[PDB]
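1. enclosed are the sequence and the experimentally obtained structure.
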Amino acid sequence: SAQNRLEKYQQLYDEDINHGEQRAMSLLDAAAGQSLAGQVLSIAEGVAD
Amino acid sequence: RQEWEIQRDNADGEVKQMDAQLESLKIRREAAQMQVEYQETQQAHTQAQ
């Protein structure tokens, strides 16, 4: 039983971060970038109006 | 879900270990019964003497 526990935990530790979490973090980064990207357009609209 | 699986494995191992301890305990009980028989034989020997 103890050996089985060790194997399970070692596999979990080696796997570390799977792909879904990487995708989620990349999505948050992209969202931040897109949100930041609108300032120049907002200023241009203000100066054009 | 992975954590739940690990817990299930732990419980199964515990059950198997307890099952084996049962065999050990009944062997000890048989030894004790044989000891009782030995004492009875000693009493019969004293009677014969």
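-> Looks like it came in fine. Numbers count the residues shown, from 1 in each chain, chains lettered A, B, ... in the order given.
2. list the contacts of stretch B:9-16.
-> The contact list for stretch B:9-16 (CB atoms under 8 Å, 6 or more residues apart in numbering or on different chains) reads A:1, A:4, A:5, A:8. (Each C-beta comes from the backbone N, C-alpha and C, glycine too.)
3. top of those by number of neighbours, please.
-> residue A:8 (15 neighbours; other CB atoms under 10 Å in any protein chain shown).
4. residues in contact with the residue nearest to it when sequence neighbours are not counted?
-> Of all residues not flanking residue A:8 in the chain, residue B:6 sits nearest, at 5.5 Å (CB to CB, 6 or more residues apart in numbering or on different chains). For residue B:6, the contacting residues are A:5, A:8, A:9, by CB under 8 Å, 6+ apart.
5. the second one and residue A:14: what is the separation?
-> Okay, so that is residue A:8. Computed as CB to CB, to the nearest Å, the residue A:8 to residue A:14 distance reads 11 Å.
6. before we move on, back to that, so which of the contacts of residue B:6 belong to helices?
-> The members of the contacts of residue B:6 that map onto helices under DSSP state H are A:5, A:8, A:9.
7. for chain B, state which of those is nearest.
-> residue A:8 (5.5 Å; CB to the nearest CB).
8. contact partners for that closest one?
-> Residue A:8 neighbours (CB under 8 Å, 6+ apart): B:5, B:6, B:9.
9. count of residues packed around the closest residue to chain A within chain B?
-> Nearest to chain A, among the residues of chain B, is residue B:13, at 2.9 Å (CB to the nearest CB). Using other CB under 10 Å, residue B:13 has 15 neighbouring residues.
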